[PDB]
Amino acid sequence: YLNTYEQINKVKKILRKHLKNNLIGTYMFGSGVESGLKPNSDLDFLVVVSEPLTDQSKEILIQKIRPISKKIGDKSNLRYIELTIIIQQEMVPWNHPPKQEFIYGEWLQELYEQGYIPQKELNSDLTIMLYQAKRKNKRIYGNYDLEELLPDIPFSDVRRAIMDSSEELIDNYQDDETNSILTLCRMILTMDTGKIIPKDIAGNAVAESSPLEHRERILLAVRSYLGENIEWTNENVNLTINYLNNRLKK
């Protein structure tokens, strides 16, 4: 069917074909460029455009990227494709939270079938994305590197972007237990040392640095992201999520 080289290229060509010269650059970030592209990692694309997309231009992007990506239940070699589109002019003057023009994500697929087209939205998670992408990124198209397309984002805004998304996360940990546990730990480290680390090894770092009760649940979420079917319905994630939330507060 498709391997990851084909995935990189069809996504690369879908964007130059259906956005023409509105496309300034397309970049890859996340744990695929950071700490190596393991066969388990996800494909996080970042796309910079000049002018806004009209809803149907955002709709063909959904429909053509749709078969290219891995569905949540897919027990195959395909990996998730997460692409966010930002507009360069909507980025200066810098201001948290930043503006976002488009987003593809497979957690939004149930909404995609019902007719949802991601429209202009303010996302605070985007602040840490651009911060870690300005640092380490792989450019697959464009005449400029990502760092000359975004202003210097201050570390004062990531620290609040960390915590703004923190207490957004404490409310809706439900049904995303495995991922939200490891994300908070990555945020504990990103705001203590300043390094953004894969959630795989971010969990084990705080694991042995935390009480046993939460230690067990941190390591249980280490496995479930590596496959390893784990049913959280009787584990008390509320306690560990409450613990990591307060440990981050500083």
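So that there is no doubt, residue numbering starts at 1 and follows the sequence shown.
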| query | finding |
| --- | --- |
| Given 235-243 and 222-230, the range whose Cα B-factors average higher in the PDB entry | 222-230 |
| Average Cα temperature factor in the PDB entry - higher stretch of 42-50, 209-217 | 209-217 |
| Residue with maximal Cα B-factor (values as given in the PDB entry) among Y141, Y80, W107, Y173 | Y173 |
| Per the PDB entry, maximal CA B factor within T26, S35, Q63, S69 | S35 |
| Third assignment of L2 from its chain's C-alpha B-factors | middle |
| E148 CA temperature factor, ranked by third within the chain | middle |
| Where the record places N137 (Cα B-factor, split into thirds across the chain) | lowest |
| Assigned third (lowest, middle, highest) for the C-alpha B factor of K99 | middle |
| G115 - which third its CA temperature factor falls in, relative to the rest of the chain | lowest |
